Structures are given as structure tokens and as C-alpha cells.
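This report refers to the structure that appears directly beneath it.
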Amino acid sequence: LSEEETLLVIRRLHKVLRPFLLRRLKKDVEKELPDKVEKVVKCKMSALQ
Amino acid sequence: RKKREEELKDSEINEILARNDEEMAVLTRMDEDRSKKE
């Protein structure tokens, strides 16, 4: 399903949308990005709530 | 995909806001009131 749908048609999307979209990164131009800064945490609840 | 299918102590909360070994020590002064609590 990745071959038929995802590999074929998005390569057709990349074939068409090539000279329209332009995306570079902060690390491509600087490397001053400190970390993969996104982290996650968990919390609890109270039994009355 | 494995994520598809605690931290009450100070140290795991210290691990977030530190990003280094230096800030790990300065959050121990907040361990005598929050965790110890007289």
C-alpha cells in the first residue's frame, strides 16, 4: 500500500510541486538549533476529580 | 508504533529544566521545602 499509494503518487506530487515549494531548515543555514527540543511528560489526577 | 501499544520526585522534573549538570544542583535548594518540607 505504500508502494501503490504512497510511493507512486507522492513522487508524482514531488514531480509536479518541485519548482513551487522551497523548504530549508534552521540547521541547514545555521546549525544553531540546540537539541531536538520537543519532549513529553505525564501527570496524574485526584480521586475526587 | 510501540508508543501506540513516576516523575513525582524532584529529579525527573530536574532533568527537564536543567539541560546540563549545572542546573541539576541548584534545584536541590528547592528540595528542602517542596520534598523535605521542614
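Here, A, B, ... name the chains of the C-alpha cells in the order displayed, residue numbers run from 1 inside each chain, and ligands are numbered from 1 in the same displayed order.
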Q: Write out as a PyMOL selection string every residue belonging to chain B that has an atom at most 12 Å from any atom of chain A, counting only C-alpha atoms.
A: chain B and resi 6-8+12-13+15-17+19
Could you write those residues out with N, CA and C atoms, as a PDB file, in the first residue's frame?
```
ATOM      1  N   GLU B   6       6.632   7.351  39.427  1.00  0.00           N
ATOM      2  CA  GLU B   6       6.732   8.134  38.201  1.00  0.00           C
ATOM      3  C   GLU B   6       7.686   9.312  38.376  1.00  0.00           C
ATOM      4  N   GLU B   7       7.280  10.477  37.872  1.00  0.00           N
ATOM      5  CA  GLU B   7       8.083  11.690  37.935  1.00  0.00           C
ATOM      6  C   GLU B   7       7.716  12.588  39.111  1.00  0.00           C
ATOM      7  N   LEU B   8       7.120  12.026  40.170  1.00  0.00           N
ATOM      8  CA  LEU B   8       6.701  12.827  41.318  1.00  0.00           C
ATOM      9  C   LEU B   8       7.891  13.385  42.088  1.00  0.00           C
ATOM     10  N   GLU B  12      13.338  13.818  38.197  1.00  0.00           N
ATOM     11  CA  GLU B  12      12.797  13.752  36.841  1.00  0.00           C
ATOM     12  C   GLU B  12      12.314  15.123  36.378  1.00  0.00           C
ATOM     13  N   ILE B  13      11.801  15.929  37.308  1.00  0.00           N
ATOM     14  CA  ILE B  13      11.468  17.310  36.982  1.00  0.00           C
ATOM     15  C   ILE B  13      12.735  18.143  36.845  1.00  0.00           C
ATOM     16  N   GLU B  15      15.419  16.929  35.515  1.00  0.00           N
ATOM     17  CA  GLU B  15      16.017  16.517  34.246  1.00  0.00           C
ATOM     18  C   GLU B  15      15.513  17.347  33.074  1.00  0.00           C
ATOM     19  N   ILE B  16      14.310  17.908  33.188  1.00  0.00           N
ATOM     20  CA  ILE B  16      13.757  18.706  32.104  1.00  0.00           C
ATOM     21  C   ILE B  16      14.444  20.063  32.031  1.00  0.00           C
ATOM     22  N   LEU B  17      14.335  20.848  33.100  1.00  0.00           N
ATOM     23  CA  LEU B  17      14.710  22.252  33.078  1.00  0.00           C
ATOM     24  C   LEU B  17      16.204  22.472  33.238  1.00  0.00           C
ATOM     25  N   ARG B  19      18.999  20.734  31.319  1.00  0.00           N
ATOM     26  CA  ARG B  19      19.696  20.579  30.034  1.00  0.00           C
ATOM     27  C   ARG B  19      21.212  20.470  30.200  1.00  0.00           C
TER      28      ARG B  19
END
```
Q) What residues in chain B get the DSSP label helix (DSSP H, G or I)? Please answer as a PyMOL selection string. A) chain B and resi 10-18+22-26+28-31
For the selection just defined, write its residues with N, CA, C and O atoms to a file, as a PDB file, in the first residue's frame.
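Dumped to again-v5.pdb:
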```
ATOM      1  N   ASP B  10      11.759  15.046  42.586  1.00  0.00           N
ATOM      2  CA  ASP B  10      12.302  16.273  42.008  1.00  0.00           C
ATOM      3  C   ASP B  10      13.217  15.985  40.825  1.00  0.00           C
ATOM      4  O   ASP B  10      13.339  16.820  39.924  1.00  0.00           O
ATOM      5  N   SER B  11      13.846  14.806  40.806  1.00  0.00           N
ATOM      6  CA  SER B  11      14.951  14.542  39.887  1.00  0.00           C
ATOM      7  C   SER B  11      14.482  14.461  38.437  1.00  0.00           C
ATOM      8  O   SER B  11      15.149  14.979  37.532  1.00  0.00           O
ATOM      9  N   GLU B  12      13.338  13.818  38.197  1.00  0.00           N
ATOM     10  CA  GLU B  12      12.797  13.752  36.841  1.00  0.00           C
ATOM     11  C   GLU B  12      12.314  15.123  36.378  1.00  0.00           C
ATOM     12  O   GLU B  12      12.390  15.453  35.188  1.00  0.00           O
ATOM     13  N   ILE B  13      11.801  15.929  37.308  1.00  0.00           N
ATOM     14  CA  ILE B  13      11.468  17.310  36.982  1.00  0.00           C
ATOM     15  C   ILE B  13      12.735  18.143  36.845  1.00  0.00           C
ATOM     16  O   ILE B  13      12.770  19.116  36.078  1.00  0.00           O
ATOM     17  N   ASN B  14      13.787  17.787  37.589  1.00  0.00           N
ATOM     18  CA  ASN B  14      15.080  18.439  37.416  1.00  0.00           C
ATOM     19  C   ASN B  14      15.690  18.123  36.059  1.00  0.00           C
ATOM     20  O   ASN B  14      16.405  18.959  35.499  1.00  0.00           O
ATOM     21  N   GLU B  15      15.419  16.929  35.515  1.00  0.00           N
ATOM     22  CA  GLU B  15      16.017  16.517  34.246  1.00  0.00           C
ATOM     23  C   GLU B  15      15.513  17.347  33.074  1.00  0.00           C
ATOM     24  O   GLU B  15      16.212  17.478  32.064  1.00  0.00           O
ATOM     25  N   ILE B  16      14.310  17.908  33.188  1.00  0.00           N
ATOM     26  CA  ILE B  16      13.757  18.706  32.104  1.00  0.00           C
ATOM     27  C   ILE B  16      14.444  20.063  32.031  1.00  0.00           C
ATOM     28  O   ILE B  16      15.080  20.405  31.029  1.00  0.00           O
ATOM     29  N   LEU B  17      14.335  20.848  33.100  1.00  0.00           N
ATOM     30  CA  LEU B  17      14.710  22.252  33.078  1.00  0.00           C
ATOM     31  C   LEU B  17      16.204  22.472  33.238  1.00  0.00           C
ATOM     32  O   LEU B  17      16.651  23.623  33.229  1.00  0.00           O
ATOM     33  N   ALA B  18      16.984  21.405  33.398  1.00  0.00           N
ATOM     34  CA  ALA B  18      18.423  21.565  33.532  1.00  0.00           C
ATOM     35  C   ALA B  18      19.098  21.761  32.185  1.00  0.00           C
ATOM     36  O   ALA B  18      19.729  22.800  31.962  1.00  0.00           O
ATOM     37  N   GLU B  22      24.818  21.584  35.561  1.00  0.00           N
ATOM     38  CA  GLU B  22      24.929  22.725  36.467  1.00  0.00           C
ATOM     39  C   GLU B  22      23.592  23.054  37.124  1.00  0.00           C
ATOM     40  O   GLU B  22      23.532  23.299  38.335  1.00  0.00           O
ATOM     41  N   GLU B  23      22.508  23.051  36.346  1.00  0.00           N
ATOM     42  CA  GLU B  23      21.205  23.399  36.900  1.00  0.00           C
ATOM     43  C   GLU B  23      20.607  22.266  37.726  1.00  0.00           C
ATOM     44  O   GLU B  23      19.625  22.485  38.443  1.00  0.00           O
ATOM     45  N   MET B  24      21.169  21.056  37.630  1.00  0.00           N
ATOM     46  CA  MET B  24      20.718  19.945  38.463  1.00  0.00           C
ATOM     47  C   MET B  24      21.017  20.180  39.939  1.00  0.00           C
ATOM     48  O   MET B  24      20.260  19.727  40.806  1.00  0.00           O
ATOM     49  N   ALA B  25      22.111  20.876  40.244  1.00  0.00           N
ATOM     50  CA  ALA B  25      22.493  21.103  41.633  1.00  0.00           C
ATOM     51  C   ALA B  25      21.721  22.261  42.251  1.00  0.00           C
ATOM     52  O   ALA B  25      21.388  22.224  43.440  1.00  0.00           O
ATOM     53  N   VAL B  26      21.429  23.302  41.464  1.00  0.00           N
ATOM     54  CA  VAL B  26      20.747  24.480  42.002  1.00  0.00           C
ATOM     55  C   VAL B  26      19.260  24.265  42.219  1.00  0.00           C
ATOM     56  O   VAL B  26      18.609  25.121  42.828  1.00  0.00           O
ATOM     57  N   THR B  28      18.370  21.600  43.917  1.00  0.00           N
ATOM     58  CA  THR B  28      18.358  20.893  45.192  1.00  0.00           C
ATOM     59  C   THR B  28      18.084  21.820  46.367  1.00  0.00           C
ATOM     60  O   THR B  28      17.742  21.338  47.449  1.00  0.00           O
ATOM     61  N   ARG B  29      18.235  23.136  46.184  1.00  0.00           N
ATOM     62  CA  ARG B  29      17.835  24.070  47.229  1.00  0.00           C
ATOM     63  C   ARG B  29      16.321  24.182  47.331  1.00  0.00           C
ATOM     64  O   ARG B  29      15.808  24.620  48.364  1.00  0.00           O
ATOM     65  N   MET B  30      15.604  23.793  46.280  1.00  0.00           N
ATOM     66  CA  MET B  30      14.156  23.676  46.308  1.00  0.00           C
ATOM     67  C   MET B  30      13.700  22.274  46.687  1.00  0.00           C
ATOM     68  O   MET B  30      12.520  21.953  46.520  1.00  0.00           O
ATOM     69  N   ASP B  31      14.608  21.435  47.185  1.00  0.00           N
ATOM     70  CA  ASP B  31      14.265  20.121  47.705  1.00  0.00           C
ATOM     71  C   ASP B  31      14.132  20.102  49.221  1.00  0.00           C
ATOM     72  O   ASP B  31      13.739  19.071  49.776  1.00  0.00           O
TER      73      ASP B  31
END
```
**Q.** Separation of atom CA of residue 1 of chain A from atom CA of residue 13 of chain A in Å
**A.** 16.8 Å
Q. Rounded to one decimal in Å, what is the spacing between atom CA of residue 20 of chain B and atom CA of residue 36 of chain A?
A. 14.7 Å
